[PDB]
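**Student:** Each residue of the sequence shown is one higher than the last, beginning at 1 in the entry's author numbering.
Beta carbons: idealized from backbone N, C-alpha and C, even for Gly.
Dumping the structure here so I can ask a few things about it.
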Amino acid sequence: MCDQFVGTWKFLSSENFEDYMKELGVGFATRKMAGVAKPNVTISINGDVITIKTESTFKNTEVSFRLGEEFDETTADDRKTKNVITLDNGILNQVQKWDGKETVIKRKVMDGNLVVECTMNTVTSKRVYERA
């Protein structure tokens with residue numbers, strides 16, 4: 001019926017993740033630990049406030065936001081970013097901006113799988129997660 005964002009998702013696979021993180025400017029070596037982790041992402045909703053909590057990784061993070069409203073995030077690679085997330089037809093669209101640069105992270109639920117497609121400049125990278 002509806003499998004939607006809320007709940008807990010376990011890494012399954014990734015594609016092109018290395019060239020994306022290079023495009024972002026992630027340092028050689030942070031790129032390494034990022035490619036061995038199998039992160040667990042929990043999406044939780046409290047009223048009109050979404051929380052995306054990333055665990056089982058090298059550096060755990062938690063971001064809480066309201067749709068359409070701009071917020072700050074210091075990312076697990078030390079970027080200091082401004083973000084706006086919107087929702088259109090079941091896809092969360094995050095626009096992440098630091099230094100005249102920008103990345104777009106799209107999240108969509110497809111049949112108990114969460115597909116996160118990240119795009120910067122030329123480069124796109126897909127990560128798939130399985131519902132826990």
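#1: With a threshold of 16 other CB atoms inside 10 Å of the CB of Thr103, please say whether the residue is buried or exposed.
#2: Do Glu55 and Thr75 have their CB atoms nearer than 8 Å?
#3: For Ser125 versus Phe58, is the C-beta spacing smaller than 8 Å?
#4: Tell me whether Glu73 sits in a helix, a strand or coil according to DSSP, three-state version.
#5: Return the first residue and the last residue of the beta strand (DSSP E) that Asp88 is part of.
#6: When DSSP builds the beta bridges, which residues end up paired with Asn46?
#7: Less than 8 Å separating the beta-carbons of residue 170 and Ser44?
#8: Identify every run of the alpha helix (DSSP H) within the segment 98 to 124, keeping only runs that are complete inside it and at least 4 residues long; order them along the chain.
#9: Contact between the segment 96 to 113 and the segment 64 to 82: three or more CB pairs below 8 Å?
#10: Mark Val49 as exposed unless 16 or more other C-beta atoms lie within 10 angstroms of its C-beta, in which case mark it buried.
**Tutor:** Taking the structure as given:
#1: buried
#2: no
#3: Cβ distance not < 8 Å, so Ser125 and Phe58 don't count as in contact.
#4: strand
#5: For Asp88, the enclosing beta strand (DSSP E) covers residues 80 to 88.
#6: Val49
#7: Because the chain spans 1 through 132 in this model, residue 170 falls outside it and cannot be assessed.
#8: none
#9: They touch, by the three-pair rule.
#10: Label assigned to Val49: exposed.
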